[PDB]
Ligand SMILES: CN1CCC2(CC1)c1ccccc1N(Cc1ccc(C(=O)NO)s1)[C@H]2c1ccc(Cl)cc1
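Only one chain comes next, encoded as structure tokens, the form solved without the named molecule.
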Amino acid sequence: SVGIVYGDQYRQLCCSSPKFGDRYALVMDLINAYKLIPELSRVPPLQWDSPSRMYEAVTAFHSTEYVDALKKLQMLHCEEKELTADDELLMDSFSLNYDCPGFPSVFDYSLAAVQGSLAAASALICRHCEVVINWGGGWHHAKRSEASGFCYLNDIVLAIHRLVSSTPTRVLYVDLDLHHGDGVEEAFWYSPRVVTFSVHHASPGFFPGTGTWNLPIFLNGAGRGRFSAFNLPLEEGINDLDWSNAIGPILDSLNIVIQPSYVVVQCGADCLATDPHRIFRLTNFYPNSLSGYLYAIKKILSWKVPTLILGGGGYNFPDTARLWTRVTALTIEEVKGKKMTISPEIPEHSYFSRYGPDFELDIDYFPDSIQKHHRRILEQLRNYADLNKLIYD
């Protein structure tokens, strides 16, 4: 079965932020308009028996002091009065400012993704689903005691932690977002059981700054986690095929050597040619150019390993819905072996007018550095195998 995280309270909470507005409502409504919902298993978000149980779940990664500050920030934003100088200073010490400000539902919004990604991990653990999708999750930048790049709570780290601790176990994390997945990489830096891999753009002054050369060398983990953090920085302007050729062999070689028990894929839509970032030139095209996202999702799904698929970045809301709707249909096709015919025209639904003026499912777009990175990565995987006493071909 293929699971998808949703609910009425979950939808209201996922649509309550000022940065992502109603994006989640558009993604789920396009999936529903295309009659994909009957083919999917509804995975309800996790709920706790008490504030103590919730705090124990979140503090498996975040500090109590940061969680307290985030809850206080919500309370302060449900009042018209300005924050005191002392409260501004407290929030600044946790970076609860600038790109991560307060708003009336900041804590409920952030916790909602945690609730969804933990429930998604649980459904894989009990074998109820073979793959689970969470389009409200994928907040890769959040750190132990720091909000970062629109991420307040790291739902990915908490989901992976639940997976790695499930047997009385190895997880492969694949980060497809345009930005380097620093928060997840940092959390498992000292752990060989979680292997992280991020493909992204990296250039001077481009967020977050990491996932590139530090004689410059790549840092890749420490202690028992040495060689367990993998990075592929790419130049701006990369199309579907070149991005596909750069990642394909790395993905296949990580599966062969690591042999993960679970795969967690962060599927941020900010690499799309139509994203306001305008860095990469990836599409959502599915031939009967092939979308970079659709090529990598298909490859990962062909391994037959229980997989968690998450959202993330994606600033052109209708185009993010166009891609994630196609990811959802491909996942059904690949897991169930049931053809999902999707009409090239947008079906009529509540958000139809947002897909104008053409109303098409395809995004409206017309189209040896990698070799040295490939040789560096092949050597890192060999050192990872040598240190971890794994048998490789």
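Residue numbers here begin at 1 and follow the sequence given.
Another form exists, deposited with the named molecule bound; not displayed. Remarks below refer to it.
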query	finding
Heavy atom within 4.5 Å of the named molecule in the deposited bound form - residue from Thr212, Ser191, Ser122, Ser244	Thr212
Heavy atom within 4.5 Å of the named molecule in the deposited bound form - residue from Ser228, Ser110, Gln115, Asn231	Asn231
Options 247 to 255, 67 to 75, 203 to 211, 234 to 242; stretch whose heavy atom lies within 4.5 Å of the named molecule in the deposited bound form	203 to 211
In the deposited bound form, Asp319 touching the named molecule (heavy atom, 4.5 Å)	no
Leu219 within 4.5 Å of the named molecule in the deposited bound form, heavy atoms	yes
Those residues of 114 to 135 which, in the deposited bound form, come within 4.5 Å of the named molecule by heavy atom	none
